[PDB]
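Below you'll find the structure, written out as structure tokens, and then a few comments.
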Amino acid sequence: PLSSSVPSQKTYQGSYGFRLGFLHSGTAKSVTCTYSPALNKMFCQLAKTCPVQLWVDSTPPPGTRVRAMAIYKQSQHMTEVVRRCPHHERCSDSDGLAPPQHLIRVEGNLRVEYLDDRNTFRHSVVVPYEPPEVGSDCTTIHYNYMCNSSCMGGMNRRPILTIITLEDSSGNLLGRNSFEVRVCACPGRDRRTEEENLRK
Amino acid sequence: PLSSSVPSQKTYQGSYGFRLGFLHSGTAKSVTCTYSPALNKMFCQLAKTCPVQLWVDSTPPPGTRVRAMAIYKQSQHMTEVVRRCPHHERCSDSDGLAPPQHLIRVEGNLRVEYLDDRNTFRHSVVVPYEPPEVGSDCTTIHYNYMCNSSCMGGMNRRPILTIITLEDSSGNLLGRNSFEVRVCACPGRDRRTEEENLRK
Amino acid sequence: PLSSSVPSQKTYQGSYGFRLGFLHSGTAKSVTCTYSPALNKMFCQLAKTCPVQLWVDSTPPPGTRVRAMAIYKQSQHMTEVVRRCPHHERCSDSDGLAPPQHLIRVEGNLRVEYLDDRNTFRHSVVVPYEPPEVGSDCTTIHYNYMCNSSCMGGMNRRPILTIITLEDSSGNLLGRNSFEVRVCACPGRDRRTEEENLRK
Amino acid sequence: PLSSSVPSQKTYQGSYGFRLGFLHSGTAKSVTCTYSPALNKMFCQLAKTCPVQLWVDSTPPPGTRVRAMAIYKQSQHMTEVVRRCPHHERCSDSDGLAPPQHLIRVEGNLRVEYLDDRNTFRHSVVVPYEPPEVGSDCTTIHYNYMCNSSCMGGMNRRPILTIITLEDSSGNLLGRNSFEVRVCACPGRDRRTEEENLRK
Amino acid sequence: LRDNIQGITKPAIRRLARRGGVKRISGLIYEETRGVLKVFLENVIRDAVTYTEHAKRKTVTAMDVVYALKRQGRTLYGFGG
Amino acid sequence: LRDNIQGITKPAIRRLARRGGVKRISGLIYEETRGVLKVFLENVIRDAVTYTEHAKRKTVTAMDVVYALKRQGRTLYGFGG
Amino acid sequence: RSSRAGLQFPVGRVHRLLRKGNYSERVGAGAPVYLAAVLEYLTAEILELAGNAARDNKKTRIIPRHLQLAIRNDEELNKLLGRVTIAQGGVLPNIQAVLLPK
Amino acid sequence: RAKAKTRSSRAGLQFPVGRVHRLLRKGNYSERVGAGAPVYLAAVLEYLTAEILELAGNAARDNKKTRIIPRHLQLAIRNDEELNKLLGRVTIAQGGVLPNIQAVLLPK
Amino acid sequence: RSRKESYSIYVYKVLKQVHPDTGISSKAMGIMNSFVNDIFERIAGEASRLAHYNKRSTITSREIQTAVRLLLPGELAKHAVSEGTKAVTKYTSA
Amino acid sequence: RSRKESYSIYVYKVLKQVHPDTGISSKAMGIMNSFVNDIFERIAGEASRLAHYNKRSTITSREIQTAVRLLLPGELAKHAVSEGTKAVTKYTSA
Amino acid sequence: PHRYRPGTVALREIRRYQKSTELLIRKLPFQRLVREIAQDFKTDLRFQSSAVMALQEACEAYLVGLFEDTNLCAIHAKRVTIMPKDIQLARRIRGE
Amino acid sequence: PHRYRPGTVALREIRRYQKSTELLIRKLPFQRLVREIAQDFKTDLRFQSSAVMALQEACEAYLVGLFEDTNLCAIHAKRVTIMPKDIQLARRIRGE
DNA sequence: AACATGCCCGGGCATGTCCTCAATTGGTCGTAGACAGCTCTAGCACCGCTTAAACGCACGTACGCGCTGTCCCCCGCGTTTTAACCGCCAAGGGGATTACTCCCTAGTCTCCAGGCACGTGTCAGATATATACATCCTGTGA
DNA sequence: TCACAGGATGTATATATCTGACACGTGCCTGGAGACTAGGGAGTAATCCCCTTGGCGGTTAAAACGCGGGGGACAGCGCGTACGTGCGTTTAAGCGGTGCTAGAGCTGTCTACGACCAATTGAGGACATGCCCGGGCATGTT
């Protein structure tokens with residue numbers, strides 16, 4: 001169905017200097033997740049681990065939370081709600097925390113919460129923020145994307161943006177970033193193809 | 001789900017000398033429907049017209065019917081009911097006569113009937129038989145196949161056999177034939193590929 | 001909509017030796033109606049005079065009638081009723097005898113009758129049969145075709161057969177013939193093209 | 001039917017500096033939508049997304065609305081109401097928001113309204129105005145045109161002007177612009193042809 | 001009328017040939033000459049008569065002969081023209 | 001330029017004579033032929049040039065040649081006209 | 001129109017040509033009709049003979065050579081065109097008997 | 001009113017300019033004919049006329065006659081190489097021929 | 001650009017009547033255009049003089065008929081005249 | 001009487017200006033008449049074709065001037081041209 | 001007695017008949033020949049003496065010219081006598 | 001070895017060149033000859049290739065036609081070989 | 001990495017309409033043709049007389065036709081050299097095309113003299129007859 | 001066998017007799033120049049595109065050059081037939097009227113068609129506008 005509104009996608013580093021980072025994975029065939037700085041785009045396999053780093057210039061208050069949401073990149077599709085396709089919605093792959101229809105999951109975190117927004121009808125996944133561990137300048141969240149971008153009756157090949165928001169206890173906005181996502185069978189091949197088209 | 005039984009696929013011409021026939025369509029890349037005598041296999045696009053000819057040595061009684069049903073060709077999968085995939089099952093493409101979940105439809109014919117078998121859980125479509133005019137040798141029924149063989153959560157790339165049966169007005173078996181079916185985007189390309197593999 | 005049945009198209013000269021004939025028209029610009037013996041096909045313009053000759057080896061009784069009906073030539077479309085497209089169905093061109101929606105009309109004859117068949121939903125136009133005028137071997141009926149073959153929402157580029165039936169005062173078959181019809185802007189151009197392709 | 005009046009097409013940027021803008025699409029033969037600055041003309045496919053940008057020198061009040069209306073460009077036809085043709089008026093292609101007979105729709109927006117003006121008999125589509133995102137410079141509305149310019153019984157090949165008006169909550173005229181529109185199966189081929197003829 | 005082709009006498013054929021410088025003769029010439037003369041004369045007549053018929057006359061005039069001759073590359077002076 | 005009459009070469013003269021069915025060609029023919037061909041050319045060109053000058057052109061066209069030929073009692077097809 | 005006389009050749013053209021060329025001040029409308037029929041008739045005679053000539057050489061197409069032969073193979077046309085030169089006509093394969101070996 | 005002076009008198013010609021202008025401008029030869037054209041042609045005809053008569057008059061005196069007769073015109077035309085081209089194919093009534101006897105026919 | 005007059009169309013159509021299956025080279029078509037223009041000039045030129053000599057005011061089928069008889073050999077003349085006669089006859093009735 | 005223009009007048013005047021003490025027999029005069037008409041027809045014919053070929057309306061001294069060169073041998077042509085030039089030159093000057 | 005050698009008269013006759021201008025065919029014979037030919041095309045055709053003379057002078061001219069060319073052909077074959085072949089050759093060379 | 005006793009080739013050439021249509025003279029030299037003559041009447045004349053083709057075919061036609069008559073004259077003299085005087089005769093008969 | 005398999009734009013083909021030129025239809029005015037009538041000349045037909053030409057028969061030489069021998073032109077074949085023919089590129093001039101203006105021509109009107117046609121008279125040519133010059137035939141010379 | 005002188009035949013020049021050429025005068029009939037106005041042709045200038053003219057390199061055929069033998073051609077000789085020439089006789093042509101009819105030639109009057117001009121509708125080719133399948137890329141399994 002259609003939403004009454006479109007989430008803002010503008011980058012906003014805020015008081016804490018918020019930003020996103022990603023692992024230096026290669027473009028090999030067998031790669032499960034890889035990121036392109038040139039495209040600001042993540043390429044990943046369905047249900048595989050997708051590390052996203054959170055970077056800040058100063059530590060946010062306790063009770064700060066991190067939310068991930070998907071929207072279609074093309075402006076005419078922006079009001080449609082991104083969701084899993086009917087096949088993957090019916091199949092028995094829920095982890096006991098995520099609703100069957102949600103596209104984005106967070107793995108390894110018991111404090112995760114999944115929202116189907118009563119006003120906008122948007123799906124999103126939220127976790128608490130935690131400051132970086134010893135020997136890292138950043139905090140890493142492991143996402144899983146539960147449909148390929150190509151799934152018919154789902155995203156149906158339309159590109160999506162993952163929007164990441166840093167938020168306070170009430171859900172007010174502390175910072176925002178976004179990156180394009182492709183969920184596909186061969187991330188290394190597809191990343192190289194799109195980076196090559198950048199010269200064409 | 002799984003059926004309690006496997007339909008007999010054995011060819012049986014019966015009292016009326018029943019046989020199938022198919023058009024001499026070529027292998028142009030995107031030909032809507034084409035048939036391979038070498039493979040005894042039809043290659044066709046989703047929802048497109050699939051003309052199947054009915055040949056008989058003498059005219060069956062009035063009230064005779066023709067039924068079509070699908071089964072998986074691989075013995076590991078023969079007990080599974082061939083049905084549409086969850087996406088195409090939900091989509092709004094019913095013609096006002098066919099149920100949403102049925103793989104095989106008959107187009108053009110107002111007297112068509114669709115059966116979901118209470119005992120075997122098998123889907124099938126039925127029409128009355130009509131004889132040809134006295135100088136024409138066969139009657140043509142126009143089937144439609146409402147999922148690609150590759151549909152995930154449905155046929156999931158597993159080959160199927162279509163079984164055609166001639167019946168009396170009570171449903172008693174008067175004759176039976178079968179052919180393999182691949183529902184795909186490029187029937188001509190795919191037919192040439194599988195016939196070339198017959199030399200490999 | 002669809003029809004419960006398909007009219008028989010078989011050539012049947014019957015007791016009276018019934019056959020059709022057509023004028024030896026050329027293939028020039030603006031030609032109103034031209035017939036190809038090679039294709040058994042009539043090419044004509046919208047609403048123009050289309051002479052069809054009736055030939056017999058012996059004269060049918062008085063009260064014999066001649067009926068014209070259009071069916072789609074392609075076997076999967078045969079069950080659809082041929083009718084005018086929505087635009088021409090609305091436009092104010094009725095002659096006071098023909099219903100707005102009928103594709104075929106007969107001009108110059110006050111004894112014309114138009115039937116929307118209650119059981120089959122088929123349109124047809126009927127006139128009394130008359131024997132040839134003194135010195136003539138055949139009787140001529142002037143038909144008009146009230147949509148182009150290309151009319152969207154009407155024939156929509158699908159070829160049609162006109163079926164002509166000789167029948168008694170009750171509508172029982174006395175003899176039958178048929179010919180393909182194309183209604184188009186340039187009958188001469190199109191007839192030449194289709195006749196030239198016959199050598200390719 | 002014929003309207004009692006002709007909408008003014010005169011460009012009026014008003015107090016807010018209202019102007020239109022359009023995307024830099026190529027001239028690929030079957031591109032979905034493309035715009036010509038040299039002609040002030042949009043070329044687009046039927047029912048496809050037509051992005052129109054709204055530019056302003058200062059932001060209009062809340063409750064401002066944006067209306068689109070079509071008129072024939074040729075002075076002789078200006079008094080006729082631009083509407084869909086009898087075929088596309090009967091086709092079952094309404095989105096649950098637009099009336100059947102309206103030529104112009106807006107996609108994506110749940111707050112759209114469609115007016116059949118009781119005084120002028122004109123058709124128009126309206127949405128609330130929205131300012132750009134912070135860091136953006138214009139607002140994009142996505143129109144769909146629901147008949148080819150060539151539709152017989154409708155536009156019947158006569159060129160149209162889309163008139164865009166910026167309006168208050170009551171419909172009072174805040175600003176006005178216009179562009180010529182061609183709705184056609186191959187926008188890029190047609191666009192190039194018209195831009196070449198500009199040198200002839 | 002008949003045989004007036006014999007009217008073209010053998011000495012007359014001599015005289016013509018004499019004017020043309022001819023000195024000595026084979027009798028075959030007489031019959032061949034009459035053939036050639038006949039063809040030439042006949043073709044001129046046929047044209048002249050054709051002109052006459054076009055004018056719907058009964059009588060041939062010198063002008064008809066002049067034109068009949070002229071077109072064969074035979075401009076004739078002295079008779080008019 | 002000069003000496004292009006020597007450009008009408010001996011075997012080319014022979015080939016023309018072969019079209020004329022000639023079986024044997026004497027040593028003096030080639031000179032005589034060249035002289036004859038030159039006269040024919042001179043007459044045709046002179047007239048063609050005259051047509052071209054009359055039209056005040058500097059360029060001789062097929063039509064100029066065709067006309068120059070025509071009036072010499074010789075019509076040529078296939079070059080226009 | 002030509003369909004009145006059943007001719008393929010265009011009368012009105014011929015009519016305009018007859019008005020020019022300084023042939024005459026004036027015309028009777030039968031004139032170009034009569035002339036068109038004649039030109040068409042002669043055209044047919046040549047082409048028919050030429051097609052036969054093309055067939056003798058086993059070609060589906062007429063070339064200037066075939067016109068040349070076809071014309072000379074009918075002494076009526078040979079006389080009519082007795083001063084014409086045909087581009088790429090070639091000549092007749094006539095060899096005088098006195099030249100042949102014996 | 002100025003008293004008439006004929007174009008032949010203006011041009012200094014004996015041949016009648018007005019007649020010639022009529023023979024050009026009517027009788028299916030032309031669309032228009034300019035005034036200098038008849039004058040030019042009349043001079044040409046006059047010149048050629050004079051040449052023939054001059055030659056013929058000599059032939060007449062060579063035959064001691066004061067009156068020119070067809071024979072004399074023939075002799076003039078055939079003794080002048082250029083006239084013998086211009087009139088090469090003309091036939092002249094009572095013209096006769098030149099006294100040409102081929103050397104191989106002469107006695108010896 | 002400029003445009004041209006020729007008989008190629010009609011020559012092509014006539015060829016189809018005598019030999020439906022036979023084509024024609026552009027060069028041969030060039031010849032035929034000269035042939036038509038030549039015969040046209042002769043007949044018109046001769047018919048002109050017939051009118052001039054008889055001091056008549058016009059070219060009619062008669063002058064053409066006579067000119068044809070003066071230009072063509074007898075055999076061709078007969079057939080040509082017959083066709084001309086029919087053409088004028090039919091045209092008069094049409 | 002019915003009228004036929006002839007050149008006999010001018011022919012003898014020209015003779016008198018060449019061989020004053022001579023005269024012309026009626027037959028020689030007839031010949032000179034045909035001669036004049038013949039040369040007149042040629043030059044008029046050729047001048048007509050020049051104008052036709054050049055698609056232009058007016059016969060002028062030039063068309064004749066050209067026709068003269070085409071019809072006459074060079075020697076006669078130059079003399080004739082000289083005279084034709086003088087006659088026109090004088091006529092326009094007077 | 002006297003008696004010319006066979007083939008000397010000619011040189012006198014040649015000069016006389018080259019020199020003189022009168023017609024060499026007699027009137028009545030030629031006149032009837034014209035009518036005899038013409039009747040084949042049209043009966044009751046009638047004549048002008050000027051027309052008949054004109055024909056005659058053209059015919060004599062044609063034959064005289066033909067004979068001269070005939071004579072040259074015979075000289076070219078180095079014969080004294082003219083023969084039908086000489087006539088035929090000359091005519092054929094003029095495309096007749 | 002083998003070599004022809006003469007003339008059978010000549011008959012073959014007659015056959016071949018009578019059969020064939022193309023130019024028998026050299027393609028370029030004739031064009032220079034046209035310039036060389038034309039300049040005598042006027043300098044800086046310019047030549048359409050089509051014009052020069054027309055001249056060639058006319059000249060070949062003229063010379064071929066002349067050679068036919070030349071051949072007949074030679075046959076009349078019952079000679080095998082053609083001689084200049086044969087050409088001269090045929091021309092002079094044709095009124096050149 | 002190679003093969004398995006679905007979806008969108010492009011080339012082409014399918015099919016309806018426009019613009020430019022020709023043909024058709026109608027009207028008006030003038031000229032030519034068509035049709036009829038009358039007069040005179042020429043043609044056609046017929047008869048008589050005289051001379052030349054043609055026809056027929058007889059007689060002799062040259063020319064034509066046929067045959068043989070001798071000498072040089074031509075043809076046929078091989079080898080070597082030169083330009084033709086072919087392929088590709090550049091610059092300038094001419095020809096073609098379009099617009100604008102003046103003077104030749106055409107068309108229509110008026111008036112006077114010359115030429116044309118017919119009539120009348122004398123001188124020199126034309127023809128016929130007779131004499132002299134140029135060419136041919138018969139006889140004579142080399 | 002080949003060429004010139006005297007006589008005869010053909011062509012040119014003079015005298016006698018008769019006809020035609022030529023010269024001179026009067027009345028009739030346009031024909032001609034002088035004159036004026038307006039559509040048009042022709043002329044002049046400007047601009048753009050294609051062809052002609054010119055240049056360079058490689059490969060093949062044409063042509064050029066040389067020698068030998070066959071046939072053609074030329075020269076000379078012999079025999080028979082046909083043509084040419086002379087004389088005599090007969091018929092036709094030419095010459096010179098005599099008579100009659102049709103056609104040609106010319107004039108007048110009336111009708112129809114042609115020419116010329118405008119308007120309307122069709123012929124022909126080019127363009128206006130949309131759907132399929134193919135090509136190729138997009139995206140997954142082994």
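FYI, nothing fancy with the structure tokens labels: chains A, B, ... in order, residues from 1 per chain, ligands from 1 as they appear.
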
### Task
Select from chain J everything DSSP, run on the backbone, classes as alpha helix (DSSP H), then give the selection as a ChimeraX atom specification.
/J:8-16,26-53,61-71,74-93

### Query
Could you name the residues that touch residue 60 (chain G) at 7 Å or less, counting only C-alpha atoms (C1' of nucleotides), but leaving out those on the same chain fewer than 5 positions away, as a PyMOL selection string?
(chain G and resi 54-55) or (chain I and resi 22-23)

Those residues you just picked out, can you put them in a file as an mmCIF file, in the first residue's frame with N, CA, C and O atoms?
```cif
data_model
loop_
_atom_site.group_PDB
_atom_site.id
_atom_site.type_symbol
_atom_site.label_atom_id
_atom_site.label_comp_id
_atom_site.auth_asym_id
_atom_site.auth_seq_id
_atom_site.Cartn_x
_atom_site.Cartn_y
_atom_site.Cartn_z
ATOM 1 N N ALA G 54 15.580 -10.780 -75.187
ATOM 2 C CA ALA G 54 16.157 -11.053 -73.875
ATOM 3 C C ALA G 54 16.007 -12.524 -73.512
ATOM 4 O O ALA G 54 16.923 -13.134 -72.945
ATOM 5 N N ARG G 55 14.856 -13.115 -73.836
ATOM 6 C CA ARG G 55 14.636 -14.529 -73.559
ATOM 7 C C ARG G 55 15.582 -15.414 -74.368
ATOM 8 O O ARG G 55 16.078 -16.424 -73.858
ATOM 9 N N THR I 22 9.382 -9.702 -67.148
ATOM 10 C CA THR I 22 10.655 -9.154 -67.616
ATOM 11 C C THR I 22 10.896 -7.749 -67.067
ATOM 12 O O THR I 22 10.000 -6.903 -67.105
ATOM 13 N N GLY I 23 12.116 -7.505 -66.571
ATOM 14 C CA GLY I 23 12.520 -6.186 -66.115
ATOM 15 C C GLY I 23 13.295 -5.423 -67.188
ATOM 16 O O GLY I 23 13.541 -5.921 -68.285
#
```

### Query
region 31-33 of chain I: which residues within 9 Å, counting only C-alpha atoms (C1' of nucleotides), same-chain residues fewer than 5 positions away excluded, as a ChimeraX atom specification?
/F:77-81 /G:43,64,67,86-87 /I:6-8,11,26,38

Name all residues at most 7 Å from residue 48 (chain E) (count only C-alpha atoms (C1' of nucleotides); drop same-chain ones fewer than 4 positions away) and give them as a short mmCIF file (atom, residue, chain, number, x, y, z; two decimals) with C-alpha atoms, in the first residue's frame.
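Done, and the output landed in part-v1.cif:
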```
data_model
loop_
_atom_site.label_atom_id
_atom_site.label_comp_id
_atom_site.auth_asym_id
_atom_site.auth_seq_id
_atom_site.Cartn_x
_atom_site.Cartn_y
_atom_site.Cartn_z
CA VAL E 44 7.18 9.78 -104.37
CA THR E 52 -3.61 15.26 -101.87
CA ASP E 64 2.28 17.92 -103.49
CA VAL E 65 5.09 16.48 -105.59
CA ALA E 68 6.71 14.41 -101.39
#
```

Can you build me a table of chain C residues sitting at most 9 Å from chain N, with the closest atom pair per residue and its distance in Å to one decimal, using only C-alpha atoms (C1' of nucleotides), sorted by chain and residue number, as CSV?
```
residue,atom,partner,partner_atom,distance
C:28,CA,N:123,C1',8.9
C:29,CA,N:123,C1',7.0
C:30,CA,N:122,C1',8.3
```

Using C-alpha atoms, can you write the selected residues to a file as a PDB file, in the first residue's frame?
```
ATOM      1  CA  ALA C  28      -5.279   2.059 -57.185  1.00  0.00           C
ATOM      2  CA  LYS C  29      -5.567   4.831 -54.575  1.00  0.00           C
ATOM      3  CA  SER C  30      -9.041   5.547 -53.089  1.00  0.00           C
TER       4      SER C  30
END
```
